[PDB]
Structures are given as C-alpha cells and as structure tokens.
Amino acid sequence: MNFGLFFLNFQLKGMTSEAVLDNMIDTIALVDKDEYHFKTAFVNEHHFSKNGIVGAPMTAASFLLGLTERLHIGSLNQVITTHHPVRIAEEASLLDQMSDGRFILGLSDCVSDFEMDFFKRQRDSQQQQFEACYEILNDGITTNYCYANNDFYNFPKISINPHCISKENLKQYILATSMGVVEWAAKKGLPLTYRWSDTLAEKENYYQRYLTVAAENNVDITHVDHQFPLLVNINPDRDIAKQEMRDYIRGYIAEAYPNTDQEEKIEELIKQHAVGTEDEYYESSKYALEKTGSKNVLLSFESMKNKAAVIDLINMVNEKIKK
C-alpha cells in the first residue's frame, strides 16, 4: 500500500481563503522532508463556490512542485471536457520538465451540468468529447505532437513545447465518475481515482465493472494502481470528530448530490472513511481499500480543527509505514 495526501481546500464559515491555502502549503512542506514516507500529494479542482477554492489544480501543483524536493505532486481531477487538450498537454510537459519528472496528471470528466453550460459544452455528446479531448492530450504528452479532425476539434499537426521526457511513464489517473468513463478506462488499462464523496457500494461496483471490461478485452491490469482518497478525523471524543466531519462535507453534499437523501449520504460517508478515536479499528475503511483494488491511499486531515493534533497524527501514520 502506497500512501499520499490530497487536499479539498474547503473554505468553511468564518475561514479565510489564506488560512485554507496556507494549511495545504505547510502540510506539504513538512511532509516533503526525507524522514516521511508519504510519496504523493494531490490537489482537487472545484469552481464557483467555497466548497473547494482551487480552480486550477495544475497551477497549484506547479507552485507546490517549486516549493518541494522529494514528493511527487499533481492534480487529482483536472477536468478536461471543459478545457482545451492542447493547453493541458503544454502544461503537463512543462511541469514534467521543470520538476524533473515529479508531476502526476490526475484527470476527470465533468461532473457538473452547470459547468458544461458555463463553458458551452454539449451535454448529449459529453462522453465523446471526453474521449476526443483525452486522445489529443495523450498524443501531445507521449509524442510531443497534436492533431485533430473530428466533430469537436479540427486543427493541423503541431508540436507541443517543451518536449516531455517522461512520455508514456508520466503517471495518469482517471476519476471514476460514471460507468461510461470506468469502462473506457478499463480498455486503456488506466488506473482509477475514486470520488471521495461516493458510497462504498458505488466504488466497489465501479471496480467490479472495471475488472469485467478489462477481462473481456484481454487487458492486463495486474499492476494497475487504483487510488482511494480517505478523509480522516481522529479525536479522543467520538462526537467531536463526527461533528467536525459533518460540518466539513455537508455543503458539498448538498451541492454535488442534490437528488439524494442528504442525511443518509453523510452518515454513510462517516462510516466509510476514518472518523473516530485513535483506538478504533476502521475495518470499514480497510474493507473499502481491499474491495476497490486500491494500492494507493490518499489522506486528508482538513476537517480536524486542531493543527497540533494533525501533525501528531501525520507522524503516527509515518511511523507505522516504516514498520
């Protein structure tokens, strides 16, 4: 099991944008020192509300890459369906070059009908646009050349500067947002990142469909390293840890999952992730990792309001990784 971090950067009531971003920056600076065994760190993308104040994860990763020396840093869910593939390919190659191969390209389809309207993207052809955008973006990263002649993009062959050194070995991840995307990803043998806010059953169902589609297409997925973003809030008072987590995720659940039972969605997430005391077992989270084929686990302690307890927790996790 590989360990890493991920940051949602939620700006709750009374918090300032500066405090939220300072927390990410200081946590990554601390974990980047050699005594730690976390290997990766990811930045989440969100627009148009305080439930995630980072709208450009590759730009944020760039700053963090300039600030660090050991960690590999990247985007968790760079939405390509509302962006331009040539521009993303140019940024990925630049970060690969400037950071000496430490940038990770986590990708995502669009999951907000509002954003599809905002950026003038057709809803009914969304899946086809996601795949056309990926082919252009993947061409540029692995061959340093882009070309398009289809119903979404049409332009002559051009070179992508700077030239990418990693090429096919630049790590890419796909956010599991629908069966169409998961099946598309299985045929390409690309690793999945699961939506943190989804239910455990949803993630397990995605993984089982991923296994089925890969087997039908004779795709070798023995070394595909799926990723599980895990929210963590450990407090000696079980009620303190459970309430801080409810105050952290409630706004986003109402925003991103409006047609669901709000209260059940929240409670299911408290069970799935790690919210409790230091002496609990969290077998629901261990079950979650195993049954989704996740070989990387990404931690976020951002709901905990005591920063000294967070540093204490990071060191405890780090020591067990050494063992």
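Counting begins at 1, following the sequence as shown.
Q.
Quick check on the record: does 215 to 223 or 134 to 142 carry the larger mean Cα temperature factor?
A. Of 215 to 223 and 134 to 142, the stretch with the higher C-alpha B-factor average is 215 to 223.
Q) So which stretch wins on mean C-alpha B-factor, 265 to 273 or 48 to 56? A) Per the PDB entry, the higher value belongs to 265 to 273.
**Q.** Highest-ranked of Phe119, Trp184, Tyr252, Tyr207 once sorted by CA temperature factor in the record
**A.** Comparing C-alpha B-factors across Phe119, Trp184, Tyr252, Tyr207, the maximum falls on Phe119.
Q) Lowest, middle or highest third: where is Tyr257 by C-alpha B factor in its chain? A) Highest third, going by the recorded CA B-factors of the chain.
**Q.** Chain third (lowest, middle, highest) by recorded CA B-factor, residue given as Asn23
**A.** Middle third.
Q) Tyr147: which third of its chain by C-alpha temperature factor? A) Highest third.
Q. Should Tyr194 be placed in the lowest, middle or highest third of its chain by the C-alpha B factor in the entry?
A. Bottom third by C-alpha B-factor.
Q. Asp109's Cα B-factor: lowest, middle or highest third of the chain?
A. It belongs to the lowest third of the chain when residues are ordered by C-alpha B-factor.
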